[PDB]
Amino acid sequence: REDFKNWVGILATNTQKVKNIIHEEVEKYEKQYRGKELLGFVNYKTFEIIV
Amino acid sequence: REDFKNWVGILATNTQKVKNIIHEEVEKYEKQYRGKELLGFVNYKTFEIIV
Amino acid sequence: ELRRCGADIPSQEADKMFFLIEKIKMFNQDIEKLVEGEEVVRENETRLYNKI
Amino acid sequence: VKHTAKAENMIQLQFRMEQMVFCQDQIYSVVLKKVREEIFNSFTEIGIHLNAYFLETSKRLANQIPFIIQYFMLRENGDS
Amino acid sequence: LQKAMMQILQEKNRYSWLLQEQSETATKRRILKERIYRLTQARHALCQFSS
Amino acid sequence: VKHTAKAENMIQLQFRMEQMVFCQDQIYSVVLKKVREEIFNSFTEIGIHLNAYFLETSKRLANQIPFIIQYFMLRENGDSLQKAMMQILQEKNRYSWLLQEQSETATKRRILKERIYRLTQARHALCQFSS
Amino acid sequence: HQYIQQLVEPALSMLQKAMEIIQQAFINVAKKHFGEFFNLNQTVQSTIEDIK
């Protein structure tokens, strides 16, 4: 149970380190994949690649 | 000039009338264009057909 | 009428073999499309990912 | 009749631009604004976006039809 | 199922049996070919004719 | 070139419109806006009245100018181009000439078909052995 | 233990429907593509039942 709690801490923690990967993703997004893929809004296939 | 005060009263009337058409009949397009527009999210082609 | 009709289309066996796998790739492109959801829908019907 | 053709033709061209949708950085202000009148003070989300983009359309259509009607029927006509 | 589709092609005599000839629709594809070939040469004579 | 020319003359016509100095019903909103920047929040009587007119002209020009280039140079250009393709195919004579190709790539094509047909044969043999 | 035992039957029934939804669609594509070739249509649909 002490490592299942440690696993819980892992999951939550990795929400603050993936801010780095989504801010370089959005940069591609904005001068490419958002206007490439029909003027988003939030595009599902863009949202799939970061998840 | 007198018949371009009248024109700006028409712009609102059809805005009001298309607004009622939208909630009644958006449903047909939504359930039929669903996976084409990537399991929406806000659906771009369905919006484009209203315009 | 020409778009609706198929066959043979080649009659010699080496170029028949490429023709079958080229048609198989047409087939498989529509299953990959359909799985994601993105087919050429007939009028007044409803998507397969919507029904699941 | 030379000038009746010229406005008739131009008005119809004006429409086929209309159906192409764009609004660059101008759209910002309306779509900020609807959050204060609606939510603060989905089919629903689809609706409000159409009502927002109808507002700025409504801005250019209140001008652009008059300008075309006036130009060919009055300004260039009295010269012709 | 896409994987399965390539497994059909593992016997090498099978191409001919698989793609058997209709023959009626397959026959008439050659008359549709002939007719559009004639409709196109005919069209090219009207095109020269209208100077 | 043709659409580039139509668009040159359409850009004069849109600005030639702006000079005719029209005034919509919806002038109240900016005159009110102006009053707020003046008081609650001469040169100022015309030049702030003028800056006010300038805001509504910033919106119209902000739309019509990109709309002219999308309409002509993206959309009509393209549809024009796809339509004009059909006239080439009228000339019976040119079909032999259109489809001329380099001798090396004509040569490679046959070889590449032969070599495929050969290795799918040997594949099938290997698979037949361990049945 | 009772709460989770009650869910067993309607989850199983929902799996039965959802299979009937998927196979009929894959069969739509088998029908569009290969309606001109009779041996291939009988080969592919038997493949779809096998895999399903």
# chains A, B, ... in the order shown; residues from 1 in each chain; ligands from 1
$ calpha_fit_and_write --fixed "chain B" --moving "chain A" --output "compact mmCIF listing (two decimals) with C-alpha atoms, in the first residue's frame"
# COMPACT_ATOMS: atom_id res chain seq x y z
CA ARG A 1 -31.27 56.58 -46.13
CA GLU A 2 -34.72 55.43 -44.68
CA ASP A 3 -34.32 52.09 -46.56
CA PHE A 4 -30.69 51.70 -45.62
CA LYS A 5 -31.92 51.81 -42.02
CA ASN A 6 -34.60 49.31 -43.12
CA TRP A 7 -31.81 47.06 -44.47
CA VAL A 8 -30.03 47.40 -41.09
CA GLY A 9 -33.28 46.10 -39.41
CA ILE A 10 -33.45 43.23 -41.87
CA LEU A 11 -29.88 41.95 -41.03
CA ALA A 12 -30.40 41.96 -37.27
CA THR A 13 -33.93 40.40 -37.59
CA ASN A 14 -32.71 37.37 -39.64
CA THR A 15 -30.39 36.43 -36.49
CA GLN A 16 -33.61 35.43 -34.57
CA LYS A 17 -35.30 33.40 -37.47
CA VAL A 18 -32.19 31.30 -38.19
CA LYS A 19 -32.59 29.78 -34.63
CA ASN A 20 -35.14 27.51 -36.21
CA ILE A 21 -32.82 26.33 -38.95
CA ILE A 22 -29.86 25.81 -36.52
CA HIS A 23 -31.93 23.72 -34.04
CA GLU A 24 -32.92 21.17 -36.79
CA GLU A 25 -29.25 21.43 -38.07
CA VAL A 26 -27.86 20.48 -34.67
CA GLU A 27 -30.11 17.42 -34.55
CA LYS A 28 -28.44 16.08 -37.70
CA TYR A 29 -25.20 17.22 -36.33
CA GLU A 30 -25.37 15.26 -33.04
CA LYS A 31 -26.50 11.75 -34.36
CA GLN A 32 -24.50 12.31 -37.63
CA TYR A 33 -22.00 14.97 -38.77
CA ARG A 34 -20.21 15.68 -35.34
CA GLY A 35 -19.20 12.02 -34.65
CA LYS A 36 -19.06 11.25 -38.52
CA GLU A 37 -16.45 14.12 -38.75
CA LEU A 38 -14.07 13.07 -35.94
CA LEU A 39 -15.74 13.88 -32.62
CA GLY A 40 -16.35 17.74 -32.55
CA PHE A 41 -16.22 20.29 -30.73
CA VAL A 42 -17.13 22.81 -33.26
CA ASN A 43 -16.36 21.54 -36.78
CA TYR A 44 -15.56 24.22 -39.45
CA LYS A 45 -17.37 22.48 -42.35
CA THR A 46 -20.53 22.11 -40.13
CA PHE A 47 -20.19 25.79 -39.20
CA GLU A 48 -19.81 26.69 -42.96
CA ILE A 49 -23.31 25.10 -43.93
CA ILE A 50 -25.31 27.16 -41.47
CA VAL A 51 -23.41 30.48 -42.44
$ interface_residues --of "chain F" --to "chain C" --cutoff "12 Å" --atoms "only C-alpha atoms" --output "NGL selection string"
:F and (110 or 112-118 or 120-121)
$ atom_distance --atom1 "atom CA of residue C:33" --atom2 "atom CA of residue E:25"
28.4 Å
$ select_by_dssp --residues "chain C" --states "helix (DSSP H, G or I)" --output "count of residues only"
28
$ closest_atom_pairs --of "chain G" --to "chain C" --cutoff "8 Å" --atoms "only C-alpha atoms" --output "JSON lines"
{"residue": "G:18", "atom": "CA", "partner": "C:52", "partner_atom": "CA", "distance": 6.4}
{"residue": "G:21", "atom": "CA", "partner": "C:52", "partner_atom": "CA", "distance": 7.3}
{"residue": "G:22", "atom": "CA", "partner": "C:48", "partner_atom": "CA", "distance": 7.7}
{"residue": "G:25", "atom": "CA", "partner": "C:48", "partner_atom": "CA", "distance": 7.4}
{"residue": "G:26", "atom": "CA", "partner": "C:31", "partner_atom": "CA", "distance": 7.3}
{"residue": "G:29", "atom": "CA", "partner": "C:30", "partner_atom": "CA", "distance": 7.3}
{"residue": "G:30", "atom": "CA", "partner": "C:27", "partner_atom": "CA", "distance": 7.8}
{"residue": "G:33", "atom": "CA", "partner": "C:27", "partner_atom": "CA", "distance": 6.3}
{"residue": "G:36", "atom": "CA", "partner": "C:6", "partner_atom": "CA", "distance": 6.7}
$ write_last_selection --atoms "C-alpha atoms" --output "PDB file, in the first residue's frame"
ATOM      1  CA  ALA G  18     -22.083  -3.999 -29.967  1.00  0.00           C
ATOM      2  CA  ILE G  21     -23.267  -3.268 -34.770  1.00  0.00           C
ATOM      3  CA  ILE G  22     -19.536  -3.867 -35.828  1.00  0.00           C
ATOM      4  CA  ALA G  25     -20.646  -2.435 -41.089  1.00  0.00           C
ATOM      5  CA  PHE G  26     -17.549  -4.385 -41.982  1.00  0.00           C
ATOM      6  CA  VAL G  29     -17.586  -2.587 -46.975  1.00  0.00           C
ATOM      7  CA  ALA G  30     -17.120  -6.239 -48.109  1.00  0.00           C
ATOM      8  CA  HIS G  33     -15.795  -3.477 -52.733  1.00  0.00           C
ATOM      9  CA  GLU G  36     -18.229  -7.755 -58.614  1.00  0.00           C
TER      10      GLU G  36
END
$ atom_distance --atom1 "atom CA of residue D:23" --atom2 "atom CA of residue D:58"
12.9 Å
$ residues_around --residues "stretch 46-61 of chain F" --least-positions-apart "6" --cutoff "8 Å" --atoms "only C-alpha atoms" --output "PyMOL selection string"
(chain D and resi 26+60) or (chain F and resi 30-31+34)
$ write_last_selection --atoms "C-alpha atoms" --output "compact mmCIF listing (two decimals), in the first residue's frame"
# COMPACT_ATOMS: atom_id res chain seq x y z
CA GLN D 26 -11.04 40.88 -34.99
CA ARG D 60 -20.13 44.46 -42.74
CA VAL F 30 -18.79 54.78 -31.63
CA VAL F 31 -20.05 58.41 -30.87
CA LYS F 34 -15.83 58.56 -27.97
$ interface_residues --of "chain D" --to "chain B" --cutoff "12 Å" --atoms "only C-alpha atoms" --output "VMD selection string"
chain D and resid 15 to 22 42 to 67 69 to 70 74
$ write_last_selection --atoms "N, CA and C atoms" --output "short mmCIF file (atom, residue, chain, number, x, y, z; two decimals), in the first residue's frame"
data_model
loop_
_atom_site.label_atom_id
_atom_site.label_comp_id
_atom_site.auth_asym_id
_atom_site.auth_seq_id
_atom_site.Cartn_x
_atom_site.Cartn_y
_atom_site.Cartn_z
N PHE D 15 -21.87 38.22 -52.05
CA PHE D 15 -22.32 37.02 -51.43
C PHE D 15 -21.38 35.80 -51.42
N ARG D 16 -20.81 35.47 -52.59
CA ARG D 16 -19.90 34.32 -52.56
C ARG D 16 -18.55 34.48 -51.78
N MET D 17 -18.09 35.77 -51.52
CA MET D 17 -17.16 35.98 -50.46
C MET D 17 -17.61 35.63 -49.08
N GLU D 18 -18.87 35.94 -48.78
CA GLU D 18 -19.57 35.86 -47.47
C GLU D 18 -19.54 34.42 -46.93
N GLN D 19 -19.57 33.48 -47.82
CA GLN D 19 -19.68 32.09 -47.47
C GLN D 19 -18.36 31.41 -47.10
N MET D 20 -17.29 32.01 -47.50
CA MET D 20 -15.93 31.78 -47.00
C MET D 20 -15.83 32.50 -45.61
N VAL D 21 -15.40 31.76 -44.58
CA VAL D 21 -15.41 32.25 -43.20
C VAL D 21 -13.98 32.62 -42.76
N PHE D 22 -13.80 33.88 -42.35
CA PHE D 22 -12.59 34.32 -41.74
C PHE D 22 -12.89 35.59 -40.93
N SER D 42 -21.14 20.94 -27.82
CA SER D 42 -22.54 21.18 -27.35
C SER D 42 -23.31 22.05 -28.33
N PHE D 43 -24.61 21.69 -28.52
CA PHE D 43 -25.48 22.51 -29.34
C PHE D 43 -25.56 23.98 -28.95
N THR D 44 -25.65 24.25 -27.63
CA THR D 44 -25.59 25.56 -26.98
C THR D 44 -24.35 26.43 -27.38
N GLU D 45 -23.14 25.74 -27.33
CA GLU D 45 -21.82 26.30 -27.74
C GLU D 45 -21.72 26.55 -29.20
N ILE D 46 -22.23 25.65 -30.07
CA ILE D 46 -22.43 25.84 -31.48
C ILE D 46 -23.30 27.06 -31.79
N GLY D 47 -24.44 27.21 -31.09
CA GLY D 47 -25.37 28.32 -31.20
C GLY D 47 -24.76 29.72 -30.98
N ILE D 48 -24.17 29.87 -29.75
CA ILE D 48 -23.52 31.12 -29.38
C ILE D 48 -22.39 31.55 -30.25
N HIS D 49 -21.53 30.63 -30.73
CA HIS D 49 -20.56 30.89 -31.77
C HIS D 49 -21.19 31.39 -33.11
N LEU D 50 -22.37 30.80 -33.53
CA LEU D 50 -23.00 31.28 -34.72
C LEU D 50 -23.59 32.71 -34.57
N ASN D 51 -24.21 32.91 -33.43
CA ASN D 51 -24.71 34.24 -33.02
C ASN D 51 -23.57 35.31 -32.91
N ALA D 52 -22.38 34.90 -32.37
CA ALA D 52 -21.16 35.79 -32.37
C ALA D 52 -20.67 36.18 -33.76
N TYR D 53 -20.55 35.24 -34.68
CA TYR D 53 -20.04 35.43 -36.02
C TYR D 53 -21.14 36.11 -36.84
N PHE D 54 -22.45 36.00 -36.52
CA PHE D 54 -23.54 36.77 -37.15
C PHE D 54 -23.45 38.25 -36.86
N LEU D 55 -23.02 38.64 -35.65
CA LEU D 55 -22.78 40.05 -35.25
C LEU D 55 -21.75 40.90 -36.16
N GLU D 56 -20.60 40.21 -36.39
CA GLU D 56 -19.65 40.85 -37.24
C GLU D 56 -19.85 40.79 -38.75
N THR D 57 -20.48 39.71 -39.22
CA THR D 57 -21.13 39.70 -40.49
C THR D 57 -22.09 40.83 -40.64
N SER D 58 -22.98 41.00 -39.68
CA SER D 58 -24.07 42.03 -39.55
C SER D 58 -23.42 43.42 -39.60
N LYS D 59 -22.21 43.63 -38.96
CA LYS D 59 -21.42 44.80 -39.23
C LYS D 59 -20.99 45.16 -40.64
N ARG D 60 -20.60 44.11 -41.44
CA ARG D 60 -20.13 44.46 -42.74
C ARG D 60 -21.24 44.52 -43.76
N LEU D 61 -22.29 43.71 -43.62
CA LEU D 61 -23.46 43.69 -44.45
C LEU D 61 -24.33 44.97 -44.31
N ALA D 62 -24.33 45.64 -43.13
CA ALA D 62 -24.93 46.93 -42.99
C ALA D 62 -24.28 48.09 -43.73
N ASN D 63 -23.03 47.90 -44.15
CA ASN D 63 -22.26 48.88 -44.92
C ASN D 63 -22.15 48.53 -46.43
N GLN D 64 -21.70 47.29 -46.71
CA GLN D 64 -21.18 46.80 -47.94
C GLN D 64 -22.19 46.72 -49.08
N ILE D 65 -23.41 46.21 -48.81
CA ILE D 65 -24.54 46.41 -49.71
C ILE D 65 -24.86 47.88 -50.02
N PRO D 66 -25.12 48.85 -49.14
CA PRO D 66 -25.21 50.24 -49.45
C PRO D 66 -24.10 50.88 -50.30
N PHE D 67 -22.84 50.71 -49.95
CA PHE D 67 -21.70 51.10 -50.74
C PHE D 67 -21.73 50.61 -52.19
N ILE D 69 -24.53 49.51 -53.87
CA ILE D 69 -25.72 50.12 -54.41
C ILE D 69 -25.51 51.58 -54.74
N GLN D 70 -24.85 52.35 -53.89
CA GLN D 70 -24.63 53.74 -54.11
C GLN D 70 -23.60 54.12 -55.22
N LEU D 74 -25.15 55.92 -58.32
CA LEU D 74 -25.03 57.38 -58.06
C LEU D 74 -23.66 57.87 -58.43
#
$ residues_around --residues "stretch 80-92 of chain F" --least-positions-apart "2" --cutoff "9 Å" --atoms "only C-alpha atoms" --output "ChimeraX atom specification"
/E:40-41,43-44,47 /F:75-78,94-96
$ closest_atom_pairs --of "chain F" --to "chain B" --cutoff "12 Å" --atoms "only C-alpha atoms" --output "tab-separated table"
residue	atom	partner	partner_atom	distance
F:22	CA	B:1	CA	9.3
F:23	CA	B:1	CA	9.2
F:24	CA	B:5	CA	7.8
F:25	CA	B:5	CA	6.2
F:26	CA	B:8	CA	8.8
F:27	CA	B:5	CA	11.8
$ write_last_selection --atoms "C-alpha atoms" --output "short mmCIF file (atom, residue, chain, number, x, y, z; two decimals), in the first residue's frame"
data_model
loop_
_atom_site.label_atom_id
_atom_site.label_comp_id
_atom_site.auth_asym_id
_atom_site.auth_seq_id
_atom_site.Cartn_x
_atom_site.Cartn_y
_atom_site.Cartn_z
CA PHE F 22 -21.21 56.79 -46.00
CA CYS F 23 -22.62 56.58 -42.50
CA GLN F 24 -24.54 53.49 -41.18
CA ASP F 25 -27.34 53.62 -38.47
CA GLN F 26 -24.77 52.04 -36.20
CA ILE F 27 -22.72 55.30 -35.83
#
$ interface_residues --of "chain E" --to "chain C" --cutoff "7 Å" --atoms "only C-alpha atoms" --output "count of residues only"
7
$ atom_distance --atom1 "atom CA of residue C:50" --atom2 "atom CA of residue C:37"
8.6 Å
$ residues_around --residues "stretch 37-40 of chain G" --least-positions-apart "2" --cutoff "7 Å" --atoms "only C-alpha atoms" --output "compact mmCIF listing (two decimals) with C-alpha atoms, in the first residue's frame"
# COMPACT_ATOMS: atom_id res chain seq x y z
CA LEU E 18 -10.75 -15.21 -57.07
CA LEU E 19 -11.20 -12.62 -59.90
CA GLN E 20 -13.57 -14.69 -62.05
CA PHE G 34 -15.90 -7.07 -53.81
CA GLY G 35 -19.73 -7.22 -55.26
CA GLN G 42 -17.42 -15.55 -50.08
CA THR G 43 -13.75 -15.73 -48.97
CA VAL G 44 -13.68 -12.25 -47.24
